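Quick setup: one chain, the form deposited in one PDB entry, written in structure tokens, and binding and motion questions come after.
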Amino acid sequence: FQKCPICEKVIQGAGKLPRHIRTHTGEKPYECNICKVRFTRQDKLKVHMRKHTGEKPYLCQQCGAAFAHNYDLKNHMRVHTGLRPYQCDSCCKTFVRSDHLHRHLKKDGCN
């Protein structure tokens, strides 16, 4: 789509080029008025504000448990399914978060 004017990286996001351009300045223009923590983007600030408000918009359809984050809901759903979602293609290990599998592939030879 459109290339970044600075680093010439292709930004496929529709209307997301200014958002990427703001990444090069390193500033955090969004701030939580309560705990004074600064954020780069507004959506992260709202998800953080869920921490102060106590809002838990993610609902489990089987037991009604509520969570503030989508990944919390998934990791909880594995209590009903018992399924570890990420599996290594080479060493038979399984993991509960994607970055755990990435870390395993980065560290262990595995093959």
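Throughout, we count residues from 1 along the sequence that is shown.
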> Do the CA atoms of 59-67 or those of 29-37 have the higher mean B-factor in the entry?
Replying inline: 59-67
> Which third of the chain does residue 52 land in by C-alpha B-factor: lowest, middle or highest?
Replying inline: highest
>> Going by the CA temperature factor in the PDB record, which third of the chain does residue 10 belong to: lowest, middle or highest?
In response: middle
> Should residue 76 be placed in the lowest, middle or highest third of its chain by the C-alpha B factor in the entry?
Replying inline: middle
>> Using only modelled residues of the chain, where does the Cα B factor of residue 17 rank: lowest third, middle third or highest third?
In response: middle
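Note that the form deposited in another entry isn't included here; everything after this is about it.
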> between the shown form and the other one, with the chain as two rigid parts, do residue 56 and residue 10 end up in the same one?
Replying inline: yes
